[PDB]
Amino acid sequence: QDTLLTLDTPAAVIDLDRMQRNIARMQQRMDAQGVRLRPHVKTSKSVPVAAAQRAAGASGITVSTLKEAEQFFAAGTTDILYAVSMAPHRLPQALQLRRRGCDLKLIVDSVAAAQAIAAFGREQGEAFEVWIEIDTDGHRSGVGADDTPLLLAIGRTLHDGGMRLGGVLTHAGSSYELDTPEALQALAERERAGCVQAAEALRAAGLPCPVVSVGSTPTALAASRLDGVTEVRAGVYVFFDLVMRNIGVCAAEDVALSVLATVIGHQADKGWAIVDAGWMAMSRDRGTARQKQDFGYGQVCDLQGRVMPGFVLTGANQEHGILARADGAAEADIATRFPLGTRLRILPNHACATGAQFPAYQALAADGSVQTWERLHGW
């Protein structure tokens, strides 16, 4: 059997017991709120990870690219939301997916994008399902939640244009700037209220709006109530990461994704251990640098997964990571503690960024064996 001692390094390891606990926690919270969970698979892009989310009770998926829609559809998943403002040039790709049987949903936030979809759908005989993206927190895309004229103009373009106006959605991504339950709870309420208000405005205009979809992992876990909401979209929670830990929604011990690395040398005067997990393994994401505890390029754990507080990757080049004390001191006799060849596991800043560096995950079972779970790269 393949195990953490036999793998080459670096490797992206999923602790299956931790991932299942994360999947159960999120599904149980959504069940308590009376809403569907539509996981965002862009975090893993791996068929077996999404299958475990579905087995726990998830309803459909959210994807960040049409490549992910192709992969998951080829795997038998048909209820797919492509939650990135639709580019008109990708309409042939989307059409071919729907004609093949994939119930692929698109989103827009502009009259011009809604007109491009509706005109192509009429030409091709396709009533595209399209949701309107709502900006509830100023994070990124979307129709402002009280910009009613814009909301109604896009709504009538789709519905009068013969398309299926399927719903409204929002992602309150500014939740990643927060770090207290009170602030997260308030942002989750602003997200819920803004999305519900857009749905209510459509409906008062006699336009259909059957789905109201909100979510980010921190607002999904913090929201006190979700009246008016039909589903929540959350993705990074499947593994968690150190950014989530700093936001306050999980502990380091809950993070299910780590990078297995080998010690390949040392700088004794500086108290460095050099590992073979550089930024090509961890990614360049440094999201914890802007937070109350900086973890460098990741938190060190031993081969058993025990967190080693106070050792982090303080630097990284492409294929070399620099392990050193978080307090800045030069650990004495670093080589005596971490001899050449010692294996360690590094928890990521951002699970979605680190996962994308690997062709595959190594799914670690209770007995210590691993199975390789491929994931998708590119577009």
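Heads up: residue numbers just count along the shown sequence, starting at 1.
Look at the mean CA B-factor for 311 to 319 and for 329 to 337 in the entry; the higher one is 329 to 337.
For the pair 56 to 64 and 27 to 35, the record assigns the higher mean C-alpha temperature factor to 27 to 35. Taking the PDB entry at face value, the top CA B factor among 258, 299, 197, 246 belongs to 197. Remark: of 264, 86, 102, 201, 201 shows the highest value [criterion: C-alpha B-factor in the PDB entry].
Split the chain's modelled residues into thirds by C-alpha temperature factor. Residue 3 is in the middle one. Residue-level temperature factors show residue 278 in the lowest third of its chain, judged at the C-alpha atom.
Among the modelled residues of its chain, residue 79 has a C-alpha B-factor that falls in the middle third according to the deposited record. Remark: residue 120 belongs to the highest third of its chain, ranked by C-alpha B-factor as recorded.
Among all modelled residues in this chain, the alpha-carbon of residue 171 has a temperature factor (C-alpha) in the middle third.
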